[PDB]
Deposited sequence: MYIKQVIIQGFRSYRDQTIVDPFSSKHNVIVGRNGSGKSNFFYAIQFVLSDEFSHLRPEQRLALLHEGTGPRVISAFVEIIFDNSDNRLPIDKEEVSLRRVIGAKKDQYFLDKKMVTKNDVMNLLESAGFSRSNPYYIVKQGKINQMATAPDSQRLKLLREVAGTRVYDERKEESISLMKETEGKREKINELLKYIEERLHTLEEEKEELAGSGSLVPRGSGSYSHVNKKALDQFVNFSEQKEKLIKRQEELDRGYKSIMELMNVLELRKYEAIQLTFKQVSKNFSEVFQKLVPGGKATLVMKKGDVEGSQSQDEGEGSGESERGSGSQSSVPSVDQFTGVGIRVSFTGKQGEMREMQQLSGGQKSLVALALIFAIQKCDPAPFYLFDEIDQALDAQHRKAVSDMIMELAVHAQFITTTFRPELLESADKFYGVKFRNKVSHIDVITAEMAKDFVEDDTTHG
């Protein structure tokens, strides 16, 4: 599963229609001057896929249209065309066309050109393994600092949410509301089988009288009905069996629960080092638990560690970056979006990241923007954004030209 192609019209600075040349399944890098339409491009995609954009007050909605020179822009859309060649989306097509269109009143998703609900699209994406319990499918500079400058307490609340705790408590509670709605059906079932059993009893007796001496249909059909009641019985037994083995699930989950939370914790930690030890070679870093109350960080760039607060500038950022990259290894996804993440670090580390993406992009798709040439090494396709008479244009360029706009 990857983003095969993006198409934008009327969204923020892309006034005219923009058919962005189809992405590489590896790393596509987007360059252009400041205020040319980079972040605006990631927004167009976040517009179609991110949870934070699903719910839009109309003021927020209108924010997304294009206010500029010409005739008053009146609707936008962004159609994302996925490649589904690995049937990861539950849709029997090799391509899937997700598109959201937008207007003063309208805010409408289309799936292979057919209307769907926001709640559909949420379910569809969740199903492909895009969890709304995971804020790091898109990574902006915003979320790097929010991570770096974060209390060890809030860093706990994060992992608990990622690990499960929230989605678990949310489904666990969601499930029970079903089962109690089911009981009313199950009893309404069991009742019927008793009522039916009496009419079979009744027929039995009428069919004995006449043999020993109330329509003929029922008598005629008495065999079939009898056969039919034992058909339904065996289905009712399936439920009464099934009910039991759901309670046996619900308990095993409330018990493997804490094992599974800490199961997750340990794994991020393990990945945390592996990622950092790889970017800063010779360095070492680990995670740590406070009181459970919070989750902190201790890092050694050579073992003389220092607290998270007791760190530098482009050092807090890079550390927090690794933490994210580790969370990613511990719940990967088909593709990622990076809006200027290299900015906050010096070029020695800038390359160290770019180097890691080379490896990563053989197994996932990356769409990224930058100002610094380090990550141009890591790219496979090159896009130039160009502002021009208040509207943006995106175009495929060659890596030579890419070392231009840096």
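Comparing the deposited sequence with the modelled residues, the stretches lacking C-alpha coordinates are 214-226, 305-337, 349-351, 456-462.
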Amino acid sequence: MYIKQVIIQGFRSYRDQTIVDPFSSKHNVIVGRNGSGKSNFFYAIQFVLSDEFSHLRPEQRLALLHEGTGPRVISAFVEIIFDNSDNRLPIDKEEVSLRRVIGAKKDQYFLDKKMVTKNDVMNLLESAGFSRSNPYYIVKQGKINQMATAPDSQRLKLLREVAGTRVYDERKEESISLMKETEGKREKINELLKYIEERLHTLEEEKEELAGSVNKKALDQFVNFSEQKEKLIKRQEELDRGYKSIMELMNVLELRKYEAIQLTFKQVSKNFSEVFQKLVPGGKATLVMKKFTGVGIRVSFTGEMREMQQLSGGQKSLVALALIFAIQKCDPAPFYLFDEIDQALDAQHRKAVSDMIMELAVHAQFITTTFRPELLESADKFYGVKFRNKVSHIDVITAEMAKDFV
From here on, numbers count along this sequence of modelled residues.
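Looking at mean Cα B-factors across 114-122 and 325-333, the upper value is held by 325-333.
If you average the C-alpha B-factors over 242-250 and over 76-84, the higher value belongs to 242-250. The PDB entry gives the largest Cα B-factor of the residues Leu232, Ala128, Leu219, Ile297 to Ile297. Based on the entry's C-alpha B-factors, the most elevated value among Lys93, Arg186, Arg100, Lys157 belongs to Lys157. Among all modelled residues in this chain, the alpha-carbon of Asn389 has a temperature factor (C-alpha) in the highest third.
In this PDB entry, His66 carries a Cα temperature factor that places it within the lowest third of its chain's modelled residues.
Annotation for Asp152: CA B-factor lies in the highest third of the chain's modelled residues. Sorting the modelled residues of the chain by their CA temperature factor places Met179 in the middle third. Among the modelled residues of its chain, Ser354 has a C-alpha B-factor that falls in the middle third, as given in the PDB entry.
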